[PDB]
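Read through the structure below, which is laid out as structure tokens, and then see the notes.
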Amino acid sequence: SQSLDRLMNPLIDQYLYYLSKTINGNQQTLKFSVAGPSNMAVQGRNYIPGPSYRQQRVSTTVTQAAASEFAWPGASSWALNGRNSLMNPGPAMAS
Amino acid sequence: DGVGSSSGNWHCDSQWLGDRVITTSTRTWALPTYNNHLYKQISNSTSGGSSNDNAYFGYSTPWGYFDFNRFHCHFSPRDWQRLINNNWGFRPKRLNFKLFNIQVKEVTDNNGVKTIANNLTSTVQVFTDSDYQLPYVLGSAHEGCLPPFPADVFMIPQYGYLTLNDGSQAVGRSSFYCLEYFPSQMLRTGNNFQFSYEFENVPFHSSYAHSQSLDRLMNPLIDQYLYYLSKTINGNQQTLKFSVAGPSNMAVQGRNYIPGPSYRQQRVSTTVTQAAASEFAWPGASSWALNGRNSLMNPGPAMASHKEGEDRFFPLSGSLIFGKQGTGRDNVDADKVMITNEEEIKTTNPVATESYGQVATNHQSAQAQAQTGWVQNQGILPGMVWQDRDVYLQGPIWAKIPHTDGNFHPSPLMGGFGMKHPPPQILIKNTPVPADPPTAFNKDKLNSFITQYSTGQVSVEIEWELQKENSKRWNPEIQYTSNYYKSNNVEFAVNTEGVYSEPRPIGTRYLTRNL
Amino acid sequence: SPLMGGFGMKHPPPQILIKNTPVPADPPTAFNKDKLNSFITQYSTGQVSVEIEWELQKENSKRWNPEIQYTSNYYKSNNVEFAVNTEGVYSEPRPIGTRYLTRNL
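Residue numbers (full-length UniProt numbering), protein chains in the order written: chain A, 429 to 453, 457 to 526; chain B, 219 to 453, 457 to 736; chain C, 632 to 736.
Set out below in structure tokens:
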């Protein structure tokens, strides 16, 4: 019922700072700001999402065009002793 | 007990036994009424947010909570210095928590003047989430913890939580939690609250810096019994030549273990009078994506902040950044913040702003030259060894390991001890006291309440286990020390206006041990 | 021995420190991380009692003639020495030592 990137308190700022600005408007002027509810994407986090092995995206919607036959050519695979095996179903990832 | 009898004493001291140190800290707190006793749905729409990456949905509760998840809440600077200069490791063992001397006040405003008086019959409600049934917000580096200085009086932060969101909207899987649906003790001015907690078994934190590097573990006087490919061409005929790997060429010697994982960060320099190509704070930052939302990789995997002699460089978001006393909230200069560094782990961990290494990318032949590619991100491999991020006096202590099917090395990335069952959240709220109701029945919930706030003392005692050092090193070690040179103020003390300040972050890795 | 007079001790009577516990005023309804600087104006009062047992060294002199003794003067005065004035002000009119009796060297 919670997402890994939304585990913080939405009412309280962190006691950590993030780099918010690099240029003043090519002199380098470093600026730092408190990571808080208004910018949750830059808050420090203790844990990160699990591993991935990217898969090609296929749509089930009717009336769609495809560049070419990519079922085998566009598939993710792993090789063992010169033999290619389809990565199926592969690591547990959000569909 | 009674109105005229104290329900507890002021306990604030540190006791140093042989293998254990017991820290006790007491603070005075103030608790106002939050949200006017209401639960409120909150989202990026209510706060005016627009970006997809910062969208959220959640609820703000009228409850406050007690947080002591920072080391300076328990260790004085001198105690921290003793711990870091005399021990190879430490870990929390058990916890004792107390609330006492409850004082509930009522505030009445006549015309531009407020009068404060005691409300001896009012109550304050406290309970602990021992079953971890509520969202855990102590695992984030939030403000509102007990002050490092015992004399400072602090305000209890308001408790809020987030659930699943789609933009500013919720989904059916989103959960709403009512904290009044939990049994809680109600305390008048004569009552007190206390509970004990036992820390689950965690590894000792590495309060040492390695005196050897992973690539220099061999005997510098003896050759290996292994050979390496030393030459390919004779001066395009292929003539393979092999040589013994020895002290003269240590880079090519066979090794049993390799440095830990990496996730490269952009390099930023603190040196003044420097030019930048463009604004790269967000565009040039390393990040990970979850359900279409991009989150900054911060602080990310434990990696060396910079190479030897390059202290001016720091990873864009790979280091903890603390603010100096009095520092503003938005767009402060570099001299207003304290940038931590992890140079001590350069002996086992890769540099944050450098590639892990090079890997072959083709098959060399008489027609194709051998090609290699830079490894910007490298996952866990067998034989890898690494050091976790160091903890700091003002840094976090613990975090809750997310309840998931799988995890790897669940040490909190911001530093500290990862636990499936961390110290439970302690939630506190002033019981609403309705004003005079109408003389005719009305079914609507009451919205007129007496303005109230509460104050009291809070004590937390934590027993820490120590790992003593048994080094045979002959020369003296590096130790944290204050500087004798004269200054207007004493470091880690109050100013002429009574303002306590922490002038620098203090790590734990000064003693050394072999790799 | 203290140069201003008295008994020198490595472990004298300990310092007794007392302070009124701060009582914060009404805090804001929105969280602020700064330490509170608004407190209810308070002061405290009470009674303090200290009891000290003193050991005495009695005199065993064989001196025949009477000794010098500290004594008040009978002669009339507007006020009694070591007493209050007409405005209730207590005063100590002179310093009093301890060395009036005599013994051989």
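Beta carbons are placed, not taken as given, at the ideal position from N, Cα and C, and that holds for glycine.
Taking residue i as the reference, give the member of the options with the closest Cα.
i, options, result
"residue 407(B)", "431(B), 340(B), 424(B) and 400(B)", "340(B)"
"residue 224(B)", "411(B), 343(B) and 360(B)", "411(B)"
"residue 503(B)", "440(A), 447(A) and 435(A)", "447(A)"
"residue 489(B)", "518(B), 457(B), 521(B) and 526(B)", "526(B)"
"residue 241(B)", "493(B), 641(B), 297(B) and 273(B)", "297(B)"
"residue 644(C)", "681(C), 729(C) and 703(C)", "681(C)"
"residue 483(A)", "436(A), 439(A), 431(A) and 520(A)", "520(A)"
"residue 694(C)", "727(C), 734(C), 637(C) and 670(C)", "734(C)"
"residue 725(B)", "732(B), 701(B) and 736(B)", "701(B)"
"residue 438(B)", "472(B), 333(B), 402(B) and 393(B)", "472(B)"
"residue 393(B)", "554(B), 575(B), 275(B) and 255(B)", "275(B)"
"residue 605(B)", "619(B), 590(B), 630(B) and 614(B)", "630(B)"
"residue 516(B)", "230(B), 380(B) and 273(B)", "273(B)"
"residue 655(C)", "232(B), 452(B) and 334(B)", "334(B)"
"residue 315(B)", "260(B), 355(B) and 243(B)", "243(B)"
"residue 543(B)", "433(A), 445(A) and 435(A)", "445(A)"
"residue 434(A)", "493(A), 469(A) and 508(A)", "469(A)"
"residue 675(B)", "651(B), 518(B), 491(B) and 662(B)", "651(B)"
"residue 505(B)", "463(B), 487(B) and 498(B)", "487(B)"
"residue 671(C)", "265(B), 683(B) and 336(B)", "336(B)"
"residue 418(B)", "638(B), 712(B) and 255(B)", "638(B)"
Can you tell me whether DSSP reads residue i as helix, strand or coil?
i, result
"residue 474(A)", "coil"
"residue 563(B)", "coil"
"residue 721(C)", "strand"
"residue 289(B)", "helix"
"residue 397(B)", "helix"
"residue 702(B)", "coil"
"residue 428(B)", "strand"
"residue 555(B)", "helix"
"residue 327(B)", "strand"
"residue 568(B)", "helix"
"residue 319(B)", "strand"
"residue 611(B)", "coil"
"residue 668(B)", "coil"
"residue 584(B)", "coil"
"residue 423(B)", "strand"
"residue 347(B)", "coil"
"residue 384(B)", "strand"
So residue i is in the alpha helix (DSSP H); what residue range does that whole segment cover?
i, result
"residue 685(B)", "Looking at the DSSP string, residue 685(B) is not in any alpha helix (DSSP H); the run it does join, the beta strand (DSSP E), is 673–689."
Which value, in whole angstroms, describes the spacing of the CA atoms of residue i and residue j?
i, j, result
"residue 385(B)", "residue 429(A)", "15 Å"
"residue 716(B)", "residue 271(B)", "41 Å"
"residue 533(B)", "residue 573(B)", "14 Å"
"residue 610(B)", "residue 730(B)", "11 Å"
"residue 719(C)", "residue 718(B)", "41 Å"
"residue 460(B)", "residue 485(A)", "41 Å"
"residue 657(C)", "residue 321(B)", "12 Å"
"residue 538(B)", "residue 548(B)", "19 Å"
"residue 590(B)", "residue 450(B)", "12 Å"
"residue 379(B)", "residue 633(B)", "20 Å"
"residue 582(B)", "residue 493(A)", "40 Å"
"residue 381(B)", "residue 397(B)", "15 Å"
"residue 607(B)", "residue 616(B)", "21 Å"
For the beta strand (DSSP E) that contains residue i, what are its first and last residues?
i, result
"residue 299(B)", "Not the beta strand (DSSP E): residue 299(B) falls in the alpha helix (DSSP H), residues 295–304."
"residue 259(B)", "258–261"
"residue 335(B)", "332–336"
"residue 727(C)", "That residue, residue 727(C), is in no beta strand (DSSP E); it is neither H nor E in DSSP."
"residue 510(A)", "508–511"
"residue 647(B)", "647–651"
"residue 535(B)", "534–536"
"residue 411(B)", "411–416"
"residue 580(B)", "578–581"
"residue 502(A)", "Counting along the chain, residue 502(A) falls outside any beta strand (DSSP E), and DSSP gives it neither H nor E."
"residue 590(B)", "No beta strand (DSSP E) holds residue 590(B); DSSP gives it neither H nor E."
"residue 248(B)", "238–249"
"residue 621(B)", "619–621"
"residue 515(B)", "514–517"
Segment contact flag, the stretch 365–379 of chain B with the stretch 660–674 of chain C, C-beta cutoff 8 Å, min 3 pairs: Yes: at least three Cβ pairs fall under 8 Å.
Segment contact flag, the stretch 589–596 of chain B with the stretch 472–479 of chain B, C-beta cutoff 8 Å, min 3 pairs: The stretch 589–596 of chain B, when compared against the stretch 472–479 of chain B, does not touch it at the 8 Å Cβ threshold.
Stretch-stretch touch, CB-based, cutoff 8 Å, three pairs: the stretch 703–713 of chain B with the stretch 330–348 of chain B: Verdict: no, contact absent.
Inter-stretch contact (C-beta, 8 Å, three-pair minimum) for the stretch 353–373 of chain B and the stretch 278–294 of chain B: In this structure the stretch 353–373 of chain B lies against the stretch 278–294 of chain B, because at least three pairs of beta carbons, one per stretch, are closer than 8 Å.
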